[PDB]
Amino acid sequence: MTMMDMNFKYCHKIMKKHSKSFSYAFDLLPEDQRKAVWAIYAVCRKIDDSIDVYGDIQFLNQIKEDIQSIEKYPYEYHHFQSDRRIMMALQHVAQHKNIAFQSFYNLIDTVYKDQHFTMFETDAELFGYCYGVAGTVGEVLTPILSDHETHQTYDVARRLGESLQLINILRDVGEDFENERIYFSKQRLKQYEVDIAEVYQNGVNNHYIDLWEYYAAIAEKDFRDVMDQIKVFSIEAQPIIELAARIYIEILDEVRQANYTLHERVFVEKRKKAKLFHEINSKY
């Protein structure tokens, strides 16, 4: 094992620990591709979690400055300020692939802003946030997942990221509420006559179910559009992306089966992930 191998193994550890779904699917990529995906995942995870290290922006600004140094001087040796293992891996990736650095900056900007979180007035703001935290990641992954990137490749990867984030939101209503976060828009909450606090206390009702399903239908339509355009991705990535998306969308059914509970995090068991791999692997 080389030093650079050690860096990518650490990135792999982070991904496996935090997302059983995405690790399960993306670990099926060819070696060079899955290592790049691990490095991208680990950078994004570190960004996502940066505020709680100290309680402020300091680690986030370090990550940002590390990414900036890679962008400006990808073939120079850097003394990284944040997580060296991850940044060395990211830099290695940057040497071989055309990374959308502004997408990392858009994600960092979204994390900074989230410090002053106020509820989304409209769905447009909710979808802007989905772009910021997940559509951005889709854009970063695009050159890894395709041979010849076009605007469509980015569009589809963006829509995928946004669909996956909306599913995450739909899974985590209760937990987010405990953490003083509600992601459904004020406009829709008012239209559907839903008070998340009231529902967390008293259980589901038809108004809440209708609202949850309104958003679930959006995620499902997004998912279908991505599947319909899956051929933007390289032949090797196509089944992996399909698997990842299918495993993640199965979470919607898990929520329904658990009666839309606000009090546990539902999950797709490993054996069911394998069932989906079989179905997809057979298709290809």
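For every residue, the number given is its place in the sequence shown, counted from 1.
**Q** Is it true that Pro239 goes unbuilt in a third or more of the other compared entries of this protein?
**A** No, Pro239 is modelled in every one of the other compared entries that cover both of its flanks.
**Q** Counting only other entries where the flanking residues are modelled, do a third or more lack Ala219?
**A** Across the compared entries, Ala219 is modelled every time.
**Q** Taking the recorded C-alpha temperature factors, which stretch has the higher mean, 250 to 258 or 55 to 63?
**A** Result of the comparison: 55 to 63.
**Q** So, looking at the entry's B-factor column for Cα atoms, which has the higher mean, 92 to 100 or 190 to 198?
**A** 92 to 100 has the higher mean C-alpha B-factor.
**Q** Have a look at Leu160, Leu170, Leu211, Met119 and flag the one whose Cα has the highest B-factor in the entry.
**A** Among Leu160, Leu170, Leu211, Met119, the PDB entry lists the largest C-alpha B-factor for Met119.
**Q** Could you tell me which one of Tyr73, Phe184, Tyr105, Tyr131 shows the highest CA temperature factor in the PDB record?
**A** Comparing C-alpha B-factors across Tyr73, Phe184, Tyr105, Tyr131, the maximum falls on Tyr73.
**Q** Where does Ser82 sit by CA temperature factor within its chain: lowest, middle or highest third?
**A** CA B-factor rank for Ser82: middle third.
**Q** Based on the deposited C-alpha B factors for this chain, I'd like to know if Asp176 is in the lowest, middle or highest third.
**A** According to the entry, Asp176 has a C-alpha B-factor in the chain's middle third.
**Q** Lowest, middle or highest third of the chain for the C-alpha temperature factor of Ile235?
**A** CA B-factor rank for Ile235: highest third.
**Q** Grab the CA temperature factor for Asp147 from the record and place it in the lowest, middle or highest third of its chain.
**A** Answer is highest: the recorded C-alpha B-factor places it there.
**Q** Could you tell me which third, lowest, middle or highest, the C-alpha B-factor of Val204 occupies within its chain?
**A** As the PDB entry reports it, the C-alpha B-factor of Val204 lands in the highest third of its chain.
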